[PDB]
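Here is structure25.cif, consisting of mmCIF, C-alpha atoms and all ligand atoms:
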data_upload
#
loop_
_atom_site.label_atom_id
_atom_site.label_comp_id
_atom_site.auth_asym_id
_atom_site.auth_seq_id
_atom_site.Cartn_x
_atom_site.Cartn_y
_atom_site.Cartn_z
CA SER A 884 16.01 -13.87 3.68
CA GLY A 885 15.24 -16.31 6.50
CA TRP A 886 14.38 -19.83 5.37
CA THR A 887 14.38 -18.92 1.67
CA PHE A 888 18.15 -18.94 1.03
CA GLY A 889 18.26 -22.74 1.33
CA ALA A 890 15.46 -23.58 -1.09
CA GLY A 891 16.74 -21.45 -3.97
CA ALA A 892 17.01 -17.77 -4.84
CA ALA A 893 17.28 -15.79 -1.60
CA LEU A 894 14.40 -13.31 -1.39
CA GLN A 895 14.71 -10.34 0.96
CA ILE A 896 12.41 -10.43 3.98
CA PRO A 897 11.98 -7.74 6.66
CA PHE A 898 13.19 -9.24 9.92
CA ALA A 899 10.24 -7.89 11.91
CA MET A 900 8.06 -9.67 9.34
CA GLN A 901 10.21 -12.82 9.29
CA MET A 902 9.45 -13.46 12.97
CA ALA A 903 5.70 -13.12 12.44
CA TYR A 904 5.97 -15.93 9.89
CA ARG A 905 8.16 -17.97 12.25
CA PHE A 906 5.62 -17.42 15.02
CA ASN A 907 2.88 -18.53 12.62
CA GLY A 908 4.81 -21.79 12.20
CA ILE A 909 4.28 -22.63 15.87
CA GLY A 910 0.52 -22.08 15.87
CA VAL A 911 0.92 -18.57 17.29
CA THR A 912 -0.98 -15.91 15.37
CA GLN A 913 0.96 -13.16 13.61
CA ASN A 914 -0.49 -10.26 15.62
CA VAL A 915 1.03 -11.66 18.82
CA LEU A 916 4.48 -10.47 17.72
CA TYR A 917 3.44 -7.17 16.14
CA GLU A 918 1.56 -6.00 19.23
CA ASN A 919 4.61 -6.55 21.46
CA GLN A 920 7.59 -6.68 19.11
CA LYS A 921 9.45 -4.15 21.26
CA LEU A 922 9.43 -6.64 24.14
CA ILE A 923 10.55 -9.40 21.76
CA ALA A 924 13.57 -7.37 20.64
CA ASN A 925 14.38 -6.21 24.17
CA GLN A 926 14.18 -9.82 25.38
CA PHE A 927 16.02 -11.50 22.49
CA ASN A 928 19.05 -9.21 22.79
CA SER A 929 19.24 -9.67 26.57
CA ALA A 930 19.47 -13.45 26.15
CA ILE A 931 22.15 -13.01 23.48
CA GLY A 932 23.77 -10.53 25.85
CA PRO B 1079 3.19 -5.59 8.48
CA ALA B 1080 -0.52 -4.75 8.67
CA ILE B 1081 -3.32 -2.65 7.17
CA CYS B 1082 -5.16 0.05 9.12
CA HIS B 1083 -8.87 0.60 8.49
CA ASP B 1084 -11.40 2.33 10.77
CA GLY B 1085 -8.81 2.18 13.54
CA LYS B 1086 -8.64 -1.62 13.33
CA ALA B 1087 -5.46 -3.47 12.38
CA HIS B 1088 -5.87 -6.07 9.63
CA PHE B 1089 -3.42 -8.97 9.42
CA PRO B 1090 -3.32 -11.55 6.61
CA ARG B 1091 -4.60 -14.93 7.79
CA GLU B 1092 -2.30 -16.54 5.22
CA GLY B 1093 -0.05 -14.86 2.69
CA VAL B 1094 1.80 -11.54 2.52
CA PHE B 1095 0.62 -7.94 2.13
CA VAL B 1096 2.05 -6.52 -1.11
CA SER B 1097 1.61 -3.55 -3.43
CA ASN B 1098 2.96 -2.79 -6.90
CA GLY B 1099 2.95 0.99 -6.83
CA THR B 1100 -0.50 2.09 -5.69
CA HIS B 1101 -2.91 -0.78 -4.99
CA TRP B 1102 -2.59 -3.17 -2.06
CA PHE B 1103 -2.98 -6.94 -2.38
CA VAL B 1104 -2.40 -10.06 -0.30
CA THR B 1105 -0.40 -12.91 -1.82
CA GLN B 1106 1.24 -16.14 -0.70
CA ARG B 1107 4.91 -16.67 0.13
CA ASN B 1108 5.77 -18.95 -2.81
CA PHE B 1109 3.75 -17.64 -5.78
CA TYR B 1110 2.75 -14.09 -6.71
CA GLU B 1111 -1.06 -14.35 -6.76
CA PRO B 1112 -2.51 -10.86 -6.25
CA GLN B 1113 -5.99 -10.73 -4.74
CA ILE B 1114 -7.77 -7.68 -3.36
CA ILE B 1115 -7.94 -7.45 0.43
CA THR B 1116 -11.25 -8.85 1.67
CA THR B 1117 -12.74 -9.46 5.12
CA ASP B 1118 -12.49 -13.20 4.47
CA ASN B 1119 -8.78 -12.77 3.66
CA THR B 1120 -7.72 -11.00 6.89
CA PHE B 1121 -8.49 -11.01 10.60
CA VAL B 1122 -8.71 -7.90 12.77
CA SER B 1123 -7.39 -7.73 16.33
CA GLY B 1124 -6.43 -4.57 18.20
CA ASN B 1125 -5.84 -0.99 17.10
CA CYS B 1126 -3.43 0.98 14.89
CA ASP B 1127 -1.01 2.02 17.64
CA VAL B 1128 0.78 -1.06 19.00
CA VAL B 1129 2.08 -2.17 15.60
CA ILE B 1130 4.94 -0.43 13.79
CA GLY B 1131 4.77 0.02 10.04
CA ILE B 1132 1.00 -0.17 9.60
CA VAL B 1133 -0.27 1.35 6.35
CA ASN B 1134 -3.50 3.28 5.88
CA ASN B 1135 -5.71 1.61 3.28
CA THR B 1136 -9.30 0.69 2.49
CA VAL B 1137 -10.75 -2.81 2.88
CA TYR B 1138 -13.59 -4.11 0.72
CA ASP B 1139 -16.41 -5.75 2.69
CA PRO B 1140 -18.22 -8.51 0.70
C1 LIG C 1201 -1.14 -2.31 -9.68
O1 LIG C 1201 -2.00 -3.37 -10.14
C2 LIG C 1201 -3.37 -2.98 -10.32
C3 LIG C 1201 -4.12 -4.22 -10.73
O2 LIG C 1201 -3.24 -5.32 -10.96
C4 LIG C 1201 -3.47 -1.85 -11.34
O3 LIG C 1201 -4.82 -1.43 -11.43
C5 LIG C 1201 -2.58 -0.69 -10.93
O4 LIG C 1201 -2.59 0.31 -11.95
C6 LIG C 1201 -1.15 -1.17 -10.70
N1 LIG C 1201 -0.31 -0.07 -10.27
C7 LIG C 1201 0.91 0.15 -10.77
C8 LIG C 1201 1.65 1.33 -10.22
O5 LIG C 1201 1.40 -0.57 -11.63
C1 LIG C 1202 -4.18 7.11 8.90
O1 LIG C 1202 -5.34 7.94 9.04
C2 LIG C 1202 -5.55 8.41 10.38
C3 LIG C 1202 -6.84 9.20 10.37
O2 LIG C 1202 -7.01 9.88 9.13
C4 LIG C 1202 -4.35 9.24 10.85
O3 LIG C 1202 -4.54 9.61 12.21
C5 LIG C 1202 -3.06 8.45 10.70
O4 LIG C 1202 -1.94 9.27 11.00
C6 LIG C 1202 -2.93 7.91 9.28
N1 LIG C 1202 -1.73 7.09 9.15
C7 LIG C 1202 -0.77 7.35 8.25
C8 LIG C 1202 0.39 6.41 8.25
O5 LIG C 1202 -0.85 8.29 7.47
#

Using structure tokens, write down the structure that the file contains.
Amino acid sequence: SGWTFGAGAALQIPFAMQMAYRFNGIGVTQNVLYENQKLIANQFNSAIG
Amino acid sequence: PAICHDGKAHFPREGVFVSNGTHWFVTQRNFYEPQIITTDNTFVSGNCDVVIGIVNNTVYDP
């Protein structure tokens, strides 16, 4: 769900689409993630790794 | 995630891309308000290759 499960009923949200809305909350346009979401995933997991 | 039209990827400037069964609409994240996709409702940047999950559809130019 993302940020929804704290307000009320938890609505399902695709995780690739959740990030684009989290990026849009930092003044970064949505298409920044979608154009290079493979790098985002490859880089997020490495940091967690 | 996006709408493909004429080889150009359309992203919603604000709201979410949704469809019921056939027709595509853009609506906000806190209230289902269906409105037909319009040039003033989306912004185009790039092509239909970098994104994953893009959907072929028509866009109505005002
Ligand atoms: C979706 O909604 C549009 C207009 O609201 C309608 O014309 C269309 O028939 C609907 N499709 C389905 C599958 O309900
Ligand atoms: C969208 O249409 C183009 C050209 O007709 C085609 O190359 C592409 O595969 C289509 N995309 C989908 C998801 O069907």

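Residue-level contacts from chain B to chain A at 7 Å, counting only C-alpha atoms, read residues 1079, 1089, 1128 and 1129 of chain B.
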
Keeping C-alpha atoms, export the residues of the selection given above as a short mmCIF file (atom, residue, chain, number, x, y, z; two decimals), in the frame of the given file.
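To be explicit, this is the file written out as result_24.cif:
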data_model
loop_
_atom_site.label_atom_id
_atom_site.label_comp_id
_atom_site.auth_asym_id
_atom_site.auth_seq_id
_atom_site.Cartn_x
_atom_site.Cartn_y
_atom_site.Cartn_z
CA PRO B 1079 3.19 -5.59 8.48
CA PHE B 1089 -3.42 -8.97 9.42
CA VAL B 1128 0.78 -1.06 19.00
CA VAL B 1129 2.08 -2.17 15.60
#

Worksheet item: What residues have any atom no more than 7 Å from ligand LIG 1201 (chain C) when counting only C-alpha atoms and all ligand atoms, and can you list them as a VMD selection string?
Response: chain B and resid 1097 to 1101

Output the selection as a short mmCIF file (atom, residue, chain, number, x, y, z; two decimals), keeping the file's coordinate frame - C-alpha atoms for each residue.
data_model
loop_
_atom_site.label_atom_id
_atom_site.label_comp_id
_atom_site.auth_asym_id
_atom_site.auth_seq_id
_atom_site.Cartn_x
_atom_site.Cartn_y
_atom_site.Cartn_z
CA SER B 1097 1.61 -3.55 -3.43
CA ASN B 1098 2.96 -2.79 -6.90
CA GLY B 1099 2.95 0.99 -6.83
CA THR B 1100 -0.50 2.09 -5.69
CA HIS B 1101 -2.91 -0.78 -4.99
#

task: Check which residues fall inside 9 Å of ligand LIG 1202 (chain C) when counting all atoms listed in the file, and print them as a PyMOL selection string.
output: chain B and resi 1082-1085+1126+1131-1135

Write the residues of the preceding selection, restricted to C-alpha atoms, as a compact mmCIF listing (two decimals), in the frame of the given file.
# COMPACT_ATOMS: atom_id res chain seq x y z
CA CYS B 1082 -5.16 0.05 9.12
CA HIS B 1083 -8.87 0.60 8.49
CA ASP B 1084 -11.40 2.33 10.77
CA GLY B 1085 -8.81 2.18 13.54
CA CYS B 1126 -3.43 0.98 14.89
CA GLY B 1131 4.77 0.02 10.04
CA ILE B 1132 1.00 -0.17 9.60
CA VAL B 1133 -0.27 1.35 6.35
CA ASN B 1134 -3.50 3.28 5.88
CA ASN B 1135 -5.71 1.61 3.28

Counting only C-alpha atoms, the residue among B:1081, B:1140, B:1086, B:1094 that lies closest to residue 1124 in chain B is B:1086

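Interatomic distance, CA of residue 1093 in chain B to CA of residue 905 in chain A: 13.0 Å.
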
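The residue that comes closest to residue 901 in chain A, out of A:923, A:889, A:884, A:929 and on the basis of all atoms listed in the file, is A:884.
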
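Note that the spacing between CA of residue 885 in chain A and CA of residue 1117 in chain B amounts to 28.8 Å.
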
Here CA of residue 1137 in chain B and CA of residue 1106 in chain B stand apart by 18.3 Å

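When only C-alpha atoms are used to compute distances to residue 1115 in chain B, the closest of the residues B:1096, B:1091, B:1138, B:1127 turns out to be B:1138.
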
* Asked: For the point (-2.0, -11.3, 0.9) in file coordinates, what residues are within 6 Å, counting all atoms listed in the file? Give the answer as a ChimeraX atom specification?
  -> /B:1090,1093-1095,1103-1105

With distances taken over only C-alpha atoms, the candidate from B:1118, B:1092, B:1087, B:1113 nearest residue 1130 in chain B is B:1087

At the level of C-alpha atoms, write chain A to a file as a PDB file, in the first residue's frame, please.
ATOM      1  CA  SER A 884       0.000   0.000   0.000  1.00  0.00           C
ATOM      2  CA  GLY A 885       2.733   2.509   0.844  1.00  0.00           C
ATOM      3  CA  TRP A 886       1.567   5.519   2.846  1.00  0.00           C
ATOM      4  CA  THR A 887      -2.116   4.555   2.635  1.00  0.00           C
ATOM      5  CA  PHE A 888      -2.211   1.891   5.368  1.00  0.00           C
ATOM      6  CA  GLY A 889      -1.820   4.540   8.083  1.00  0.00           C
ATOM      7  CA  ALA A 890      -4.589   6.883   6.986  1.00  0.00           C
ATOM      8  CA  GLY A 891      -7.303   4.237   6.729  1.00  0.00           C
ATOM      9  CA  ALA A 892      -8.210   1.354   4.441  1.00  0.00           C
ATOM     10  CA  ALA A 893      -5.011   0.026   2.860  1.00  0.00           C
ATOM     11  CA  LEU A 894      -5.263   0.287  -0.931  1.00  0.00           C
ATOM     12  CA  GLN A 895      -2.962  -1.843  -3.069  1.00  0.00           C
ATOM     13  CA  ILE A 896      -0.300   0.085  -4.979  1.00  0.00           C
ATOM     14  CA  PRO A 897       2.243  -1.303  -7.476  1.00  0.00           C
ATOM     15  CA  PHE A 898       5.673  -0.803  -5.961  1.00  0.00           C
ATOM     16  CA  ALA A 899       7.192   0.461  -9.210  1.00  0.00           C
ATOM     17  CA  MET A 900       4.373   3.033  -9.194  1.00  0.00           C
ATOM     18  CA  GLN A 901       4.696   3.775  -5.462  1.00  0.00           C
ATOM     19  CA  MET A 902       8.244   5.066  -5.976  1.00  0.00           C
ATOM     20  CA  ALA A 903       7.180   7.398  -8.789  1.00  0.00           C
ATOM     21  CA  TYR A 904       4.755   8.992  -6.327  1.00  0.00           C
ATOM     22  CA  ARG A 905       7.444   9.116  -3.638  1.00  0.00           C
ATOM     23  CA  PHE A 906       9.816  10.739  -6.128  1.00  0.00           C
ATOM     24  CA  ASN A 907       7.067  13.227  -6.995  1.00  0.00           C
ATOM     25  CA  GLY A 908       6.995  14.167  -3.303  1.00  0.00           C
ATOM     26  CA  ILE A 909      10.577  15.444  -3.513  1.00  0.00           C
ATOM     27  CA  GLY A 910      10.025  17.682  -6.540  1.00  0.00           C
ATOM     28  CA  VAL A 911      11.410  15.019  -8.892  1.00  0.00           C
ATOM     29  CA  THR A 912       9.185  14.289 -11.872  1.00  0.00           C
ATOM     30  CA  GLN A 913       7.662  10.831 -12.232  1.00  0.00           C
ATOM     31  CA  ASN A 914       9.376   9.946 -15.513  1.00  0.00           C
ATOM     32  CA  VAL A 915      12.796  10.155 -13.833  1.00  0.00           C
ATOM     33  CA  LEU A 916      12.176   6.809 -12.123  1.00  0.00           C
ATOM     34  CA  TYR A 917      10.385   5.051 -14.983  1.00  0.00           C
ATOM     35  CA  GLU A 918      13.148   5.792 -17.491  1.00  0.00           C
ATOM     36  CA  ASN A 919      15.809   4.247 -15.220  1.00  0.00           C
ATOM     37  CA  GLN A 920      13.904   2.061 -12.758  1.00  0.00           C
ATOM     38  CA  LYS A 921      16.249  -0.855 -13.484  1.00  0.00           C
ATOM     39  CA  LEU A 922      19.150   1.172 -12.083  1.00  0.00           C
ATOM     40  CA  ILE A 923      17.010   2.152  -9.080  1.00  0.00           C
ATOM     41  CA  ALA A 924      16.289  -1.487  -8.255  1.00  0.00           C
ATOM     42  CA  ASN A 925      19.878  -2.573  -8.912  1.00  0.00           C
ATOM     43  CA  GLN A 926      21.123   0.231  -6.657  1.00  0.00           C
ATOM     44  CA  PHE A 927      18.564  -0.098  -3.848  1.00  0.00           C
ATOM     45  CA  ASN A 928      19.239  -3.815  -3.366  1.00  0.00           C
ATOM     46  CA  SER A 929      23.013  -3.295  -3.343  1.00  0.00           C
ATOM     47  CA  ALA A 930      22.712  -0.799  -0.479  1.00  0.00           C
ATOM     48  CA  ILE A 931      20.444  -3.212   1.399  1.00  0.00           C
ATOM     49  CA  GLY A 932      22.969  -5.904   0.529  1.00  0.00           C
TER      50      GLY A 932
END
